[PDB]
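K.L.:
The data below comprise the sequence and an experimental structure of the protein.
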2 protein chains.
Amino acid sequence: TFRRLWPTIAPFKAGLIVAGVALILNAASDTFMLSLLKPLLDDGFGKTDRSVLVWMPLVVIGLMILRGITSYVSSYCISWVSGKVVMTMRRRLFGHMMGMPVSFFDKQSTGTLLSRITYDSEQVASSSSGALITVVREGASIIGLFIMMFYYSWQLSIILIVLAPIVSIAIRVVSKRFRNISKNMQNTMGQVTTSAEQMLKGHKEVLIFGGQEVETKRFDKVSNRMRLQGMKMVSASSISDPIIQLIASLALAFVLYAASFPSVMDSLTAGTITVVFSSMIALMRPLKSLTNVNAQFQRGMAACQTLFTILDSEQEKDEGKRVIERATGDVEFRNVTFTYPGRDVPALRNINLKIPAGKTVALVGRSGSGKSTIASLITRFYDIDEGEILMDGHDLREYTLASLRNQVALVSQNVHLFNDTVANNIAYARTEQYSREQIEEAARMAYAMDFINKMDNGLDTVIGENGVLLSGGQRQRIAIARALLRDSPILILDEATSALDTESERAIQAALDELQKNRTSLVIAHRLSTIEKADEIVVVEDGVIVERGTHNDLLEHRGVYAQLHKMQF
Amino acid sequence: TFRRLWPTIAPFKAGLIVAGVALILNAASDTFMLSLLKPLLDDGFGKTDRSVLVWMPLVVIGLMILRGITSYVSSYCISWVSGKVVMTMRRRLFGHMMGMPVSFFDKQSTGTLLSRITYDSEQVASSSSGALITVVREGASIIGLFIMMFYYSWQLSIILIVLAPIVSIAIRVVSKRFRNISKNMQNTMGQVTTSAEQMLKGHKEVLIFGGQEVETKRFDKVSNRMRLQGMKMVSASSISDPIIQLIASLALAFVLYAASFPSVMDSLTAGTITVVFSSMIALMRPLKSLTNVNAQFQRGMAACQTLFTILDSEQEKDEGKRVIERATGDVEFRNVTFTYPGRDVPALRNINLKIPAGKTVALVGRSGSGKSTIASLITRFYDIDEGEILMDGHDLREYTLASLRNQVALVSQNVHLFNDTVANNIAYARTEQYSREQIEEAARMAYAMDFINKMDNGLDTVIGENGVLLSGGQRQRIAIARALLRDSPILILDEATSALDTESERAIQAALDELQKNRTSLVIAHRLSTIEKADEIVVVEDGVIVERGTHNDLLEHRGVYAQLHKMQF
């Protein structure tokens, strides 16, 4: 079907061949243990007394240490190639889902996207290789049980191949007829049940009119009708199994009658009838399991398309070659509007904001404007439908994604901690380039050394989740230390932190001043210090900016930001 | 357990003993048909005799027209007692639910209260009889096999009972140990999966920091641990079944080895070992179905305590003996405070509201808080928390429910139509009192005559749901005709029509004024005409009365009634 997957299995097909060789030896031990019923009964019990009952017990054991060694060698070699293909494809999904647009992660999929490398990726090898186990076992124990019936007694087996289909089609006809007789009876049962429901609903009408005696008499015959129509879907469902069992037993009677004729019984005996009639019983399970072998391989490969779509989806756009070494320039928004991919209401209207070099600008949007959305466009997480953002005089779309994003740091509250010791969590993606002494100086400059010195291993202690689990106040300043080390020219402050606790706010502000000393800082304003010290203030009500004026005039004249300040104070 | 149900079954116990002797006859045909493997393999096939193969094709038929005639006489004589027990207990649940206070129906839902007489009532007899179909059958197909086995070979069948518990407890021990190991490994699998989830979440930090190559190298070591740990749950779950099969095979080898010894056995003739071993296989099913029997009988009484809680619950309070023939008096709410039983916010404050004889009043309000529920108080559908409703100088609580409910009628849009020809629908609970001529006169005077002639049979045609499904206006006219025919001296007009249907509104108003010549009326205000010609106007403002004067002064002084007019105009 979608078996472009095979190229990722062929490198490990040597495991599949072993697990197939050890799967026809597991199936040839199912039919070589039924074949013992011939020596057991014909030769070991009836014909004589001994000599076959002291040899066979160990052949039952020795055919179950070969059924338990080929049921494990065939479950380890289809669990090694089914684990090395759910690893060369779990690791290609993640090699894609770490270089594609945030839109996909924008709650288009959050937790189900771990179900596409943990569940819908192990259902591509727990069902596309569980449909090779049951097309080489049950499919080699069907063949294995046809060179056994036709070898012990072909005359009797060929009958069982003629009556098997007739019996099966007759049983299917009867069963479907009685599944249709019953089905059209449940319709009437539902009609009467709905009629009773039409009685319960009018409870108030029954009460007020004094009909508690008339209504209960109309249930004396609506409940006596869902009985008689309930005694007839059990007089039509319990009359099916007797009929199908009688049909099946008629074929047993016919086979036994055929064996009575001298032309069949000569080479039949009492042991060659048990290996033939007790393998067709053993031939039911294989044939039943073979039916669900294209309803698995199309279920375990239907999940190989939900993720082969992700594996070839559109990654982030790198259509640009304007790299930058250090962005020592202004940031300007020109006719910039933005809409959430997947939404029709434009999140941003006409925006014209400039961030001069070295000078910080602050945003006040306490009314849920979406100030967070403008902060995302500068880093090119999102793409703007219309407008242009010029950094150093050139639009970001011309800028290469890697270099553009290298020159900006998201210093925010909800930062993410990597499950690694906090020395690459500070020099992340640059641990090779930056020495430990530089990391120490960065932590000292941001004054973040206090949290890391108090913990156990010092600086080489795992800081990520499911580990030390440092508090939000401590988590915040690790990002400031990161920025101090990577020296991003542009700063994107969130400042959503509402924590006023001492030992948190004092150090946070101390490191914030150092970071913004000489950084073009777009701030999401919630603190008074940055509001009153920022070179430019902008208040955004919704979409377009309403007042692009500095703090003095904005505060003095009411406008909009002064109302939000009255809310502040 | 909660077998107060037995008195309901006892009158039909003569159907539970014909389904008992028809299941022990069904089980005696499972073990008398396995017993034929001895004559077949020893006298028919083991020898050259064809005779034992000429009567058996029929005994295997004559025992399947006795297994199919006692598998249907055992499903009719127990589907007749499981049908007549969910019939004298369905209509005992409905003989109660139609005489008990309204708080239940809104507390529960008609959807649920139908599952208590359609599903949870047939789950009592579909599980308390499926737990007798497998205590008398599988308890007779397990004594028909412990007898056949010991009759055919008492020596082998005692080793098969000594070794059964040993290799069942050993199998259970092995299976539970490997289940514990699998769960221990699944814990670590979940741990690594959560570690990967902590990887995906930090997508934005990966993008901005340029760590697309460091976060794919750390997945190279997390996926390689999901695999190596993922293939250890299949190297510890596929190593269990081989062992629990090798243990069973050791049991088989021991039994065969014992059969070798001349003293203990070798009275077996290749059919005495098949009717024993192949009955032990047939004895597994009637033990798996016997362990779940008390998990059924406690599921068929876990859904029977529900029906004995709904039954024998608190029915509507008839704690009042005062009986009124015709209530030609005034209805006064005095300090009536009411809260929805099941709610804590009162819907009525101190309420005073007098309806004098012959004079209609109109309740004015739009919110519906303490407005539509006032109508329910006169009929005593609900009970007020404090206060009293004096009707003809007596409180309603003193009045008997039967003699009170018949002196009041709700004429509203949401009237429920009974599944009956529209001559009792109009004369509910009074068919024998009023002749067809009176019904015709009531319909003519109520201007419901037009809808009657233009239908199937006039006043002899089913009108309710599951029938003709007449429109809302026609049902409203039917309700008005019912009010005229019953002559209830108190009137509870809802007036929620809110429609201007042509050629029906004029007749509706005609019948309204025909009703309001007598019959003191409490009207929920939604029509200007009824408001204008109202003797007294009462205005409710979200649970309190703001105005009690008539309309003439309420309109001039804006207050709130003129606010209702503003909403109107």
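P.N.:
Okay, I see it. Numbers count the residues shown, from 1 in each chain, chains lettered A, B, ... in the order given.
K.L.:
From here on, just use CA atoms for contacts and neighbour counts.
P.N.:
Noted.
K.L.:
tally of neighbours for residue A:4?
P.N.:
By the criterion of other Cα atoms under 10 Å in any protein chain shown, residue A:4 has 10 neighbours.
K.L.:
Which elements pack onto the helix or strand hosting residue A:177?
P.N.:
Assessed by DSSP states H and E, residue A:177 sits inside helix A:154-200. Packed against helix A:154-200 by the contact rule (3 or more Cα pairs under 8 Å, 6 or more residues apart in numbering or on different chains; DSSP states H and E) you find helix A:149-152, helix A:225-228, helix A:241-260, helix B:110-118.
K.L.:
To residue A:199, which of these lies closest?
P.N.:
helix B:110-118 (9.8 Å; Cα to Cα).
K.L.:
What is the distance between the closest one and the centre of its chain?
P.N.:
With Cα atoms, centre = their mean, to the nearest Å as the basis, helix B:110-118 stands 3 Å off its chain's centre.
K.L.:
Other residues contacting it?
P.N.:
A:193, A:196-197, A:200-201, B:90, B:93-94, B:105, B:121, B:307 (Cα atoms under 8 Å, 6 or more residues apart in numbering or on different chains).
K.L.:
with those residues in mind, which one is nearest to residue A:534?
P.N.:
residue B:105 (63.9 Å).
K.L.:
Excluding chain neighbours, give the residue nearest to the closest one in space.
P.N.:
residue B:113 (7.7 Å; Cα to Cα, 6 or more residues apart in numbering or on different chains).
K.L.:
hmm, back to that, export the helices and strands packed on helix A:154-200 to JSON lines and append columns for distance to residue A:349 and mean neighbour count.
P.N.:
Formatted as JSON lines, the helices and strands packed on helix A:154-200 follow (distance: least, Cα to Cα, whole Å; neighbours: other Cα atoms under 10 Å in any protein chain shown):
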{"stretch": "helix A:149-152", "distance to residue A:349": "80", "mean neighbour count": "18"}
{"stretch": "helix A:225-228", "distance to residue A:349": "65", "mean neighbour count": "18"}
{"stretch": "helix A:241-260", "distance to residue A:349": "71", "mean neighbour count": "19"}
{"stretch": "helix B:110-118", "distance to residue A:349": "50", "mean neighbour count": "18"}
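K.L.:
Direction included, what does the host helix or strand of residue A:522 pair against?
P.N.:
Residue A:522 is part of strand A:520-524, with elements assigned from DSSP H and E. Sheet pairing of strand A:520-524 (DSSP bridges) gives strand A:361-364 (parallel), strand A:490-493 (parallel).
K.L.:
quick one on the thing from earlier: and which of the contacts of helix B:110-118 is nearest to residue A:59?
P.N.:
Within the contacts of helix B:110-118, proximity to residue A:59 (Cα to Cα) peaks at residue B:121, which comes in at 55.6 Å.
K.L.:
The closest residue to that closest one other than its chain neighbours: neighbour count?
P.N.:
Closest residue in space to residue B:121, ignoring its immediate chain neighbours: residue B:86 at 5.9 Å, by Cα to Cα, 6+ apart. Neighbours of residue B:86 under the rule other Cα under 10 Å: 29.
K.L.:
Also residue A:480?
P.N.:
Neighbours of residue A:480 under the rule other Cα under 10 Å: 27.
K.L.:
returning to that earlier point: is the residue nearest to residue B:121 in a helix, a strand, or coil?
P.N.:
The local conformation at residue B:86, judged by DSSP: H, G, I helix; E, B strand; the rest coil, is coil.
K.L.:
that older thread, just how off-centre is the helix holding residue A:177 within its chain?
P.N.:
Distance, centroid of helix A:154-200 to centroid of chain: 38 Å (Cα atoms, centre = their mean).
K.L.:
Let me know the angle separating that helix from helix A:241-260.
P.N.:
Orientation note: helix A:154-200 sits at an angle of 170 degrees relative to helix A:241-260 (axes from the mean of the first three to the mean of the last three Cα atoms, to 10 degrees).
K.L.:
mind saving the C-alpha coords of the very next helix or strand once past helix A:154-200 as CSV?
P.N.:
Following helix A:154-200 in sequence order, the next helix or strand is helix A:203-208 (DSSP H and E). Provided in CSV are the C-alpha atoms of helix A:203-208 (Å, rounded to 0.1, in the frame of the first residue of the first chain):
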residue,chain,number,x,y,z
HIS,A,203,-45.2,13.2,33.7
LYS,A,204,-46.5,16.6,34.7
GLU,A,205,-49.5,16.3,32.3
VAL,A,206,-50.3,12.9,33.9
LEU,A,207,-50.0,14.3,37.4
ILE,A,208,-52.2,17.4,36.9
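K.L.:
Secondary structure element holding the closest residue to residue A:256 other than its chain neighbours?
P.N.:
Of all residues not flanking residue A:256 in the chain, residue B:57 sits nearest, at 5.8 Å (Cα to Cα, 6+ apart). Residue B:57 is located in helix B:52-62, with elements delineated by DSSP H and E.
K.L.:
and chain A, what are its domains?
P.N.:
For chain A, automatic domain parsing gives the domain ranges A:6-154+A:290-311, A:156-266, A:318-407+A:492-569, A:418-487.
K.L.:
Among these, show me which one is buried the most.
P.N.:
Mean neighbours per residue, mean count of other Cα atoms under 10 Å in any protein chain shown, is largest over those for domain A:6-154+A:290-311, with a mean of 20.
K.L.:
for that one, how far is the first residue from the last?
P.N.:
Domain A:6-154+A:290-311 stretches 15 Å from its first residue to its last (Cα to Cα, to the nearest Å).
K.L.:
Would you state the strands of the stretch 1-150 of chain A in chain order?
P.N.:
Remark: strands of the stretch 1-150 of chain A are absent; assignment by DSSP state E, counting those that start in this stretch.
K.L.:
For it, list the residues in contact with chain B, please.
P.N.:
By Cα under 8 Å from any Cα of the partner chain, the part of the stretch 1-150 of chain A that sits against chain B consists of A:41-42, A:45-46, A:49-50, A:53-54, A:56-58, A:60-61, A:64-65, A:67-69, A:71-72, A:75-76, A:79-80, A:83-84, A:86-87, A:90-91, A:94-95, A:98-99, A:102, A:105, A:110-111, A:114, A:118.
K.L.:
cool, and the stretch 451-569 of chain A?
P.N.:
A:465-466.
K.L.:
Residue of the stretch 451-569 of chain A closest to chain B, please.
P.N.:
residue A:465 (7.1 Å; Cα to the nearest Cα).
K.L.:
residues touching the nearest residue to that residue once chain neighbours are set aside, list them.
P.N.:
Using Cα to Cα, 6+ apart and skipping residues adjacent in sequence, the residue nearest residue A:465 is residue A:419, 6.3 Å away. Going by Cα under 8 Å, 6+ apart, residue A:419 touches A:462-465, A:467, B:198.
K.L.:
Secondary structure element for residue A:419, which one?
P.N.:
Secondary structure (DSSP H and E) places residue A:419 outside all helices and strands.
K.L.:
From residue A:407, how far out is it?
P.N.:
Counting by Cα to Cα - residue A:419 and residue A:407 are separated by 24 Å.
K.L.:
How about residue A:223?
P.N.:
Distance of residue A:223 to residue A:407, given as Cα to Cα: 78 Å.
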